[PDB]
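Reviewing the structure listed below.
Here is the naming used below: chain letters follow the sequence lines, and residue numbers restart at 1 for every chain.
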Amino acid sequence: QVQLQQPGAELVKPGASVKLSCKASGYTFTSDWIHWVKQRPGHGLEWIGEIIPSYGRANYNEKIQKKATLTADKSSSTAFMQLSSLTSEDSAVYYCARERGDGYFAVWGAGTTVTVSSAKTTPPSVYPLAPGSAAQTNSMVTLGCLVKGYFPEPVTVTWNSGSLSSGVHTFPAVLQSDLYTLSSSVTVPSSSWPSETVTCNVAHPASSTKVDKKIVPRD
Amino acid sequence: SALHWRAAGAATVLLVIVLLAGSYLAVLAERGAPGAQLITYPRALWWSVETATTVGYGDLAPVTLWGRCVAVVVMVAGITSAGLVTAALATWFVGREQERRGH
Amino acid sequence: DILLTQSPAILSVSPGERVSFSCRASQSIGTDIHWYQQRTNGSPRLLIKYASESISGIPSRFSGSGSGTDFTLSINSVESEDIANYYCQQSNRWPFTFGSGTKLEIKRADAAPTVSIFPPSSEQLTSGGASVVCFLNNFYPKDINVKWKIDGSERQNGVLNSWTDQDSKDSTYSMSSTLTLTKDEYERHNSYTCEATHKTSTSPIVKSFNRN
Amino acid sequence: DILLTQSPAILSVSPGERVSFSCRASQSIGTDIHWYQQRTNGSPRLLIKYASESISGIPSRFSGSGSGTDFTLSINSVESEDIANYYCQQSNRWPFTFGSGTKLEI
Ligand SMILES: CCCCCCCCCCCCCC(=O)O[C@@H](CO)COC(=O)CCCCCCCC
Ligand SMILES: CCCCCCCCCO
């Protein structure tokens with residue numbers, strides 16, 4: 001039971017606004033505060049503000065320009081952060097966190113990746129990476145999935161619905177012409193493929209798509 | 001039962017309620033004021049007790065208007081409680097001395 | 001507001017050594033400091049609260065110490081999965097603040113890259129594109145160079161590279177190198193070659209395939 | 001007496017950028033810092049009181065932050081009429097004192 005549930009991604013046009021949600025479960029107390037933390041890619045954690053749902057009062061980091069408005073619905077146990085009039089400086093992962101009124105963040109959501117751009121959402125094309133007919137293998141074989149032409153970040157790549165976890169590399173995406181591309185790599189015992197199937201699963205939250213590509217040996 | 005004992009027990013109950021409510025409200029008032037330390041509930045409860053007893057070490061103190069108003073209610077609840085108990089004690093001692101002397 | 005200074009910003013250790021992260025507060029804050037771990041693409045995870053108090057589910061090799069202005073997070077015998085960024089956070093005065101973070105890096109033994117080259121898929125060729133993907137996997141140290149040749153001639157147009165951060169499973173690095181052509185250009189050549197040059201060997205590691 | 005250090009003395013910005021003026025107190029003074037703007041041949045004008053509190057009639061692009069010893073006056077997106085000298089002043093201990101001023105230049 002994930003204690004704090006956040007959408008994976010929001011695409012926002014420059015100048016527009018967006019309302020982030022944070023659904024809480026587990027134990028709830030009148031002393032609970034929900035916090036929001038902003039993290040620019042490659043940077044640190046910046047405190048945005050806090051709200052006490054049992055009372056509805058919200059406080060904000062005074063050091064930064066106020067882009068956020070915090071509210072909370074007590075009946076659906078959901079906290080919201082309205083970000084308004086965003087620029088590319090507002091592109092970031094935004095976490096929510098629950099503090100039981102005793103100062104530390106016991107639990108964090110998974111983060112919502114907000115991208116501020118005028119480019120359009122695009123689901124990825126997913127292509128299998130299988131060895132050519134002249135490659136030779138030792139005790140292991142490396143396979144992969146090419147995840148090309150998507151926008152915005154992020155994608156989540158798994159292998160065999162998450163059951164295949166050891167031996168996996170998913171490379172950071174590269175951005176070219178308003179489209180991201182990455183590949184993911186998986187290494188399994190060479191005795192076990194193709195007799196045991198290997199499939200990658202690519203979730204693109206911003207387009208609400210998730211697609212499977214089975215890796216099979218070439219002709 | 002006798003009125004002074006009912007009043008003392010009432011006041012002890014109300015005092016406990018004031019300590020808990022004041023701790024909650026102190027944190028609510030003080031969060032959002034830069035520099036404020038009365039901002040987590042366990043140490044706010046401790047602060048409310050040492051305020052009610054009028055000890056006031058000064059390890060913690062409110063800085064906002066509403067946090068200080070809450071502090072005033074806590075002080076007055078604590079002083080009133082202690083006054084009520086002293087008066088109930090006096091009433092008990094006076095009555096027992098009346099009886100011991102034969103009225 | 002309380003400024004929290006974490007210095008140094010990068011800590012380099014050897015497997016199994018004891019590591020210590022420093023966090024210094026701009027004024028005295030008792031023991032009101034909390035420590036979080038954040039792995040690559042992960043959300044922060046509380047490790048230690050109130051300077052030294054354990055959290056259930058956190059390995060016992062983590063501990064914290066200090067009070068006043070000077071705080072230390074310690075890892076007894078670091079291992080690969082400890083590779084992460086580490087943040088302190090104070091709750092003594094409003095507003096709560098964070099330190100700027102210390103990255104843990106592990107110095108492991110040298111490892112040559114495992115190289116794999118992948119022809120484009122028949123699916124991709126259908127949409128008129130052709131990406132040749134090359135993996136350089138699980139090497140150390142991170143410095144590496146990759147070169148593409150087509151029919152024996154060095155190619156630089158259309159190559160995008162990406163490097164992972166240090167691997168929390170084995171402290172190695174990996175890199176991808178992707179050569180993207182049109183289907184038409186891909187069909188005008190036969191031999192495609194990826195070449196990895198790494199400290200581990202004087203000779204490049206070479207993987208090729210033929211479009212035929 | 002409380003010494004208030006404003007450094008740097010001159011701030012150079014581009015139109016529409018965010019500008020931040022620093023004011024540092026020689027000892028801790030809570031939030032008892034006030035900020036004034038003085039244009040050429042004008043009298044000082046209160047912008048921000050008690051470190052962060054708004055004043056009516058002052059544009060909302062002005063804000064302040066900090067407590068203890070370190071205070072910041074901020075202008076969201078500076079414009080020409082913000083060209084001026086900027087002073088902080090403490091009221092935590094007697095006597096009241098002023099910082100030496102930061103000039104905004106565009
Ligand atoms: C000749 C004048 C004497 C009277 C002075 C008038 C004081 C006005 C107080 C309201 C303005 C708020 C400004 C402010 O920010 O106040 C609080 C700090 O933020 C300070 O907390 C306080 O003012 C403490 C209040 C104590 C309550 C006393 C009740 C007695 C039973
Ligand atoms: C003194 C009893 C009322 C206290 C109300 C505190 C609410 C603080 C809101 O800022």
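No part of A:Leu182 comes within reach of chain C, as not one of its non-hydrogen atoms sits under 4.5 angstrom from that chain. Of the two parts of A:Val126, neither the backbone nor the side chain holds a non-hydrogen atom closer than 4.5 Å to a non-hydrogen atom of chain C. When heavy atoms are compared at a cutoff of 4.5 Å, A:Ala130 approaches chain C solely by way of its backbone atoms N, CA, C and O. Only the backbone of A:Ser184 comes within contact range of chain C, judged by heavy atoms closer than 4.5 Å.
Checking side-chain atoms of C:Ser162 against main-chain N and O of A:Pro172 turns up a donor-acceptor pair under 3.5 Å. The backbone N or O of C:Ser131 lies less than 3.5 Å from no partner atom in the side chain of A:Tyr127, so there is not a single donor-acceptor pair.
The two residues C:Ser121 and A:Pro128 come nearest to each other via the heavy atoms CB-CD, 3.5 Å. A pairwise comparison of heavy atoms in C:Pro95 and A:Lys63 identifies CG-NZ, 3.8 Å as the closest pair. The shortest heavy-atom contact between A:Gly109 and C:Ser43 is O-CB, 3.4 Å. The heavy-atom pair separating C:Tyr50 from A:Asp102 by the smallest distance is OH-O, 2.6 Å. The shortest non-hydrogen separation linking A:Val174 to C:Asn161 is CG1-O, 3.5 Å. Residues C:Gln89 and A:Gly103 approach most closely at NE2-O, 3.0 Å, considering heavy atoms.
Between chain A and the options C:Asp32, C:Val133, C:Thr40, heavy-atom pairs under 4.5 Å are most frequent for C:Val133. Considering only heavy-atom pairs separated by less than 4.5 Å from chain A, the leading option among C:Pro119, C:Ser127, C:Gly101, C:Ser116 is C:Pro119. With respect to chain A, the highest number of heavy-atom pairs below 4.5 Å among C:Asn138, C:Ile33, C:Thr114 belongs to C:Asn138.
Rounding to the nearest 0.5 Å gives a distance of 9.0 Å between CG of C:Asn41 and OG1 of A:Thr170. Note that OG1 of C:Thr97 is 9.5 Å distant from CG of A:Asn61, once rounded to the nearest 0.5 Å. For the atom pair A:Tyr104 OH and C:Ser91 OG, the distance stands at 10.0 Å (nearest 0.5 Å). Remark: A:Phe171 CZ to C:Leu160 CG distance equals 14.0 Å, nearest 0.5 Å. To the nearest 0.5 angstrom, A:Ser185 atom OG is 7.0 Å from C:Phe118 atom CZ.
Around the CD atom of C:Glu123, the shell of radius 6.0 Å holds more than 12 heavy atoms that belong to other residues, nucleotides or ligands. Open room surrounds NZ on A:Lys23; 12 or fewer heavy atoms of other groups in view lie less than 6.0 Å from it. Environment of OH in A:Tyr55: sparse, with no more than 12 heavy atoms of neighbouring residues, nucleotides or ligands closer than 6.0 Å. More than 12 heavy atoms of other residues, nucleotides or ligands sit less than 6.0 Å from atom CZ of A:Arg100.
Relative orientation of the A:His35 and C:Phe96 rings is parallel, given thresholds of 30° and 60° on the angle between their planes. Ring geometry, C:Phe98 versus A:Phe105: the interplanar angle falls from 30° to 60°, so the pair is classed tilted.
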Full working for side-chain contact (heavy atoms from CB on, under 4.5 Å) between A:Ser183 and C:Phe135: CA-CA 9 Å; A:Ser183 283; C:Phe135 290 152; 3.8 Å; yes

side-chain contact (heavy atoms from CB on, under 4.5 Å) evaluation trace for A:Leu146 with C:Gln124: CA-CA 10 Å; A:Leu146 168 69; C:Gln124 187 189 16; 4.2 Å; yes

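C:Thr180 places a side-chain heavy atom less than 4.5 Å from the side chain of A:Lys148. Looking only at side-chain heavy atoms (C-beta outward), C:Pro44 and A:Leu45 come within less than 4.5 Å of each other.
Side-chain polar atoms of A:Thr142 and C:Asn137 form no donor-acceptor pair below 3.5 angstrom. No side-chain N or O of A:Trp108 forms a donor-acceptor pair with one of C:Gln38 less than 3.5 Å apart. C:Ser174 and A:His169 share a donor-acceptor pair across their side chains, judged by distance under 3.5 Å alone.
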